[PDB]
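Reviewing the structure listed below.
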Amino acid sequence: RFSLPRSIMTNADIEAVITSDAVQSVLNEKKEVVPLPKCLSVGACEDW
Amino acid sequence: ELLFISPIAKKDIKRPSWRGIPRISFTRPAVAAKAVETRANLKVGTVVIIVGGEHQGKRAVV
């Protein structure tokens, strides 16, 4: 009744697949979050 | 800096922007008071009361 079980992946790990240039060329650039200031913005209020 | 903040071109529907205003990314690329003044009305050679520390109730001239 038994037959020998398959895996879902072909490889052991992922990290070879992502780091390859086939993948990497399509990706967008890696973003990073700005922290925002807490504070006179406007250049001339003294006209008013 | 607060430059590199840009509006997202997605229209995903999970999140909806009601007016013309669009959702903002707020991201940057990965690569990377007070004067404490001298007090007016204390000139050279004013008579002054000392009220603190070692001398109390003793007058002095600046």
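Points to keep in mind about this one:
- Residue order, fewest to most surrounding Cβ atoms within 10 angstrom, among B:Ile8, A:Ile8: A:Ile8, B:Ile8
- Summing charges over neighbours of B:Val48, with a neighbour being any other residue whose Cβ is under 13 Å away from its Cβ, gives +4 when K and R count +1 and D and E count -1.
- Across the stretch B:41-47, computed HN-Hα scalar couplings (Karplus, 6.51 cos²θ - 1.76 cosθ + 1.60, θ = phi - 60°) run 6, 9, 7, 5, x, 9, 7 Hz from first to last residue, x flagging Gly and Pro.
- For B:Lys10, the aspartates and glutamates whose Cα comes closer than 20 Å to its Cα, not counting residues fewer than 8 places off in the same chain, are A:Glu29, A:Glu32.
- Between B:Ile21 and A:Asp47, the FRET efficiency estimated from the beta carbon spacing at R0 = 30 angstrom works out to 0.60.
- Each residue of the stretch A:18-27 was assigned a 3J(HN,Hα) from its phi angle through the Karplus curve 6.51 cos²θ - 1.76 cosθ + 1.60 (θ = phi - 60°); the sequence is 5, 6, 5, 6, 4, 6, 4, 4, 7, 4 Hz, with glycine and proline shown as x.
- Relative frequency of Cα-Cα separations exceeding 19 Å in the protein assembly as shown, percent: 79
- On the principal axes of its alpha carbon atoms, chain A extends 89, 26, 14 Å, with the longest extent given first.
- Bins of 10 Å from zero: percent of alpha-carbon pairs in chain B: 15, 21, 12, 5, 6, 15, 19, 7
- Nonlocal amide H pairs with B:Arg28, under 5 Å, H built at 1.01 Å: A:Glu32, A:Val33, A:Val34
Note that we place each Cβ from the backbone using ideal geometry, even for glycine, and neighbour counts take in every protein chain shown. Each value in this text was obtained by applying a stated rule to the coordinates, not by laboratory testing.
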